[PDB]
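Right, one structure below, let's go through it.
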Amino acid sequence: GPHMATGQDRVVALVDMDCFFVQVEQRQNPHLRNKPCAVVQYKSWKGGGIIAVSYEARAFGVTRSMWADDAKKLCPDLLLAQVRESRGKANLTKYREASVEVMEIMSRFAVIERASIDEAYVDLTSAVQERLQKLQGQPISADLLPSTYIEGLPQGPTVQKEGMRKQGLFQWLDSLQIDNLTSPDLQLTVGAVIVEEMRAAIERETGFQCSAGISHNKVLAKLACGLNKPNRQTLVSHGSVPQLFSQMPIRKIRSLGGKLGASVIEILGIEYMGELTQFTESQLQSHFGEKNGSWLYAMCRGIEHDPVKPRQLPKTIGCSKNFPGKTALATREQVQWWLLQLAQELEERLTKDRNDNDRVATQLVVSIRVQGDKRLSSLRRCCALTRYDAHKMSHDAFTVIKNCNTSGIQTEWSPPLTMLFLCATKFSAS
DNA sequence: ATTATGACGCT
DNA sequence: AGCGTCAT
Ligand SMILES: Nc1nc2c(ncn2[C@H]2C[C@H](O)[C@@H](COP(=O)(O)NP(=O)(O)OP(=O)(O)O)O2)c(=O)[nH]1
Ligand SMILES: [Mg+2]
Ligand SMILES: [Mg+2]
């Protein structure tokens with residue numbers, strides 16, 4: 001009753017750039033704008049692998065992970081942009097720099113947590129309180145929410161999508177109690193006003209469009225963001241959770257799309273997030289552990305406590321390359337040469353990071369995959385990173401991995417390597 | 001022959 | 001420390 005916490009204490013948004021790498025290439029090359037187009041890495045094998053797809057191309061069935069030649073079967077007029085190649089590998093610098101453009105704009109409004117190259121959580125609680133004091137009990141006009149959907153509305157007592165959006169928004173705004181400065185629904189609404197402003201600033205100052213979710217925690221904000229894409233934002237209220245979760249497959253919630261979510265489905269014999277409410281917290285803990293069980297018990301009621309961490313910059317800087325099938329590295333000279341290529345890219349990125357961000361990495365992690373292993377990493381070894389020098393980093397990476405070589409011969413490498421991965425970690429202020 | 005990352009949990 | 005999970 002009155003002591004049951006409802007998880008309505010914060011206003012959290014999740015901003016995700018629409019088809020990011022595509023938008024970056026479309027800004028640079030206007031010929032690609034408003035066209036079916038995709039971004040690929042490499043070219044020789046089946047036209048390259050697609051990693052980003054414009055919404056026009058998605059309409060033809062083009063997806064991430066698809067080979068470009070196969071996508072062209074679905075969409076013969078598909079336009080392609082390729083990721084830059086440097087030192088024999090994909091170089092994603094253009095997209096990292098575009099990411100910084102967007103994250104620096106978002107940081108003007110609130111503290112953000114960089115979740116990926118194109119997404120960030122925003123903790124809007126304090127900004128909402130400030131705006132509410134400015135409003136002085138003034139109602140919120142639908143004009144302030146021109147791209148907002150209210151999940152679950154309209155309901156009750158109409159043909160086109162924009163008319164649906166506006167009907168639901170008007171139902172929502174009509175029911176708002178703007179008298180109460182601590183009303184969670186009001187707070188979410190003001191949060192959505194601020195996110196309209198943030199998204200407008202991003203588009204004005206970069207050209208990039210994005211979608212967003214606004215709710216009371218990170219998981220609901222992330223889920224909300226996906227409900228109306230592209231170039232729209234969605235508000236998920238605490239009250240909308242029972243209906244939303246009643247038909248929501250468990251795998252759609254962040255962290256449940258893998259083995260744990262499958263085990264929830266299999267062990268409990270359920271399909272939808274809402275069905276989890278019928279288990280006690282101890283029952284869920286008995287199946288999935290203390291932490292997961294408590295998290296599931298609260299999350300299926302719309303409640304989650306994970307904070308938006310104050311972190312705009314990535315925690316690691318890494319370089320990796322796969323060597324599939326017949327291109328696997330089978331000689332010592334080969335392994336050394338590719339370690340050097342990776343190390344030279346890493347040195348470039350690390351030196352720029354030190355100048356930009358007043359920090360230095362202190363640990364180098366070396367990960368490899370060997371032929372036949374189905375895992376992502378076959379072996380992971382760390383050493384000290386004491387100087388931003390590519391020849392030194394590559395020699396040290398070789399030194400920590402050289403004992404994996406089964407070959408009695410000094411020149412040969414067996415079993416050949418299907419992936420090399422260098423990662424700079426454990427940053428310190430400088 | 002999906003690739004290139006990045007965050008984080010467990011022991 | 002080194003390995004596994006989730007994501008995309
Ligand atoms: N190198 C690499 N980059 C990837 C991969 N997957 C995604 N990216 C890059 C390319 C993506 O542009 C970017 C952001 O990833 P999303 O938010 O998951 N997809 P997007 O923003 O394209 O579409 P949406 O409108 O549905 O959000 O990350 C990958 O496997 N490898
Ligand atoms: Mg995106
Ligand atoms: Mg994203």
Side-chain angles (χ1 to χ4, degrees), chain A residues 14 16-17 19-22 38-53 63-71 82-96 99 113-121 218-219 222 226 250-263 288-292 295 306-309 311 313-328 341-342 345-346 349 363-369 371 373-384 400-401 404 418-427:
Chain A
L14 183 269
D16 185 292
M17 307 312 296
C19 51
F20 189 49
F21 289 22
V22 167
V39 170
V40 293
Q41 24 183 48
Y42 303 115
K43 211 78 181 73
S44 285
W45 185 265
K46 296 175 176 286
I50 288 174
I51 57 170
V53 188
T63 67
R64 170 197 174 266
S65 311
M66 232 173 230
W67 296 115
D69 289 345
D70 292 331
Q82 339 177 38
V83 175
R84 164 185 181 190
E85 283 182 60
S86 304
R87 310 186 193 78
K89 69 180 291 295
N91 169 356
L92 308 172
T93 299
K94 190 197 300 181
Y95 315 105
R96 293 193 182 95
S99 182
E113 179 183 340
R114 183 211 198 257
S116 79
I117 200 161
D118 87 312
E119 71 192 70
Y121 293 92
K218 294 206 288 185
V219 168
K222 174 61 172 180
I250 284 161
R251 68 176 176 279
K252 303 300 187 177
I253 282 80
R254 169 165 125 257
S255 86
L256 300 180
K259 298 175 185 197
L260 176 63
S263 83
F288 313 112
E290 229 149 74
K291 274 182 235 73
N292 289 329
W295 183 88
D306 190 33
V308 179
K309 293 160 190 55
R311 180 185 56 81
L313 301 176
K315 295 166 100 123
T316 58
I317 297 185
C319 291
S320 67
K321 186 169 174 48
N322 287 0
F323 300 99
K326 202 167 163 300
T327 65
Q341 305 315 299
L342 282 182
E345 179 186 330
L346 187 57
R349 286 168 60 192
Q363 187 172 78
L364 179 72
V365 176
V366 186
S367 180
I368 74 198
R369 201 182 44 194
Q371 204 152 57
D373 199 338
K374 202 214 73 175
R375 304 177 296 172
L376 201 182
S377 164
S378 296
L379 166 128
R380 228 171 323 177
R381 291 281 190 280
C382 70
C383 65
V400 311
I401 74 167
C404 291
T418 54
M419 171 281 279
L420 298 177
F421 188 3
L422 298 179
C423 186
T425 68
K426 295 182 154 33
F427 284 87

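Side chains included, hydrogens not; waters and symmetry mates left out as well; all remaining heavy atoms used. Labels below follow one simple rule: chain letters A, B, ... track the order of the sequence lines, proteins then strands, and each chain is numbered from 1.
For the atom pair CZ of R64(A) and SG of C19(A), the computed distance is 14.5 Å after rounding to the nearest 0.5 Å. Here the CD1 atom belonging to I368(A) is positioned 13.0 Å from the CZ atom belonging to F421(A), to the nearest 0.5 angstrom.
Nucleic acid contact for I50(A): none, since no nucleic acid atom lies under 4.0 Å from a heavy atom of the residue. At a threshold of 4.0 angstrom between heavy atoms, the contacts of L260(A) are confined to the sugar-phosphate backbone, with no base atom among them. Contact annotation for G49(A): no contact, since no heavy-atom pair falls under 4.0 Å across all strands. Using a 4.0 Å heavy-atom distance criterion, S65(A) is classed as a base contact. When heavy atoms are screened at a 4.0 angstrom cut-off, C319(A) is found touching the sugar-phosphate backbone but no base atom. Across all strands shown, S320(A) has heavy atoms under 4.0 Å from base atoms, whether or not it also approaches the sugar-phosphate. Heavy atoms of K46(A) sit nowhere under 4.0 angstrom from any nucleic acid atom. When heavy atoms are screened at a 4.0 angstrom cut-off, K321(A) is found touching the sugar-phosphate backbone but no base atom. Among the heavy atoms of the strands, none lies under 4.0 Å from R251(A). Here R349(A) lies in heavy-atom contact (under 4.0 Å) with sugar-phosphate atoms only.
Nucleotides of DNA chain B lying under 4.0 Å from heavy atoms of chain A occupy a range whose first and last members, 5' to 3', are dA1(B) to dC10(B). Heavy-atom contacts of chain A under 4.0 Å fall on DNA chain C between two terminal nucleotides, which in 5' to 3' order are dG2(C) to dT8(C).
Along DNA chain B, the nucleotide nearest to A115(A) and the one nearest to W67(A) differ in position, and the one closer to the 5' end is contacted by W67(A). For the pair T327(A) and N292(A), nearest-nucleotide mapping onto DNA chain B gives the more 5' position to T327(A).
The closest side-chain heavy-atom distance from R114(A) to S99(A) is below 4.5 Å. A 4.5 Å side-chain heavy-atom check between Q82(A) and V39(A) finds every atom pair outside the cut-off.
Considering all non-hydrogen atoms of both residues, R380(A) and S367(A) come closest at CG-CB, 3.8 Å. Closest approach of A68(A) and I50(A) over heavy atoms only: CA-CD1, 4.2 Å. Contact detail for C382(A) and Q363(A): the closest heavy-atom pair is SG-NE2, 3.7 Å.
Side chain of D373(A) to main chain of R375(A): a donor-acceptor pair is present (N/O by atom type, distance under 3.5 Å, no hydrogens or angles).
Using cut-offs of 30° and 60° on the angle between ring planes, the pair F21(A) and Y95(A) is parallel.
Taking atom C1' in both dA7(C) and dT2(B), the straight-line distance is 14 Å, to the nearest Å.
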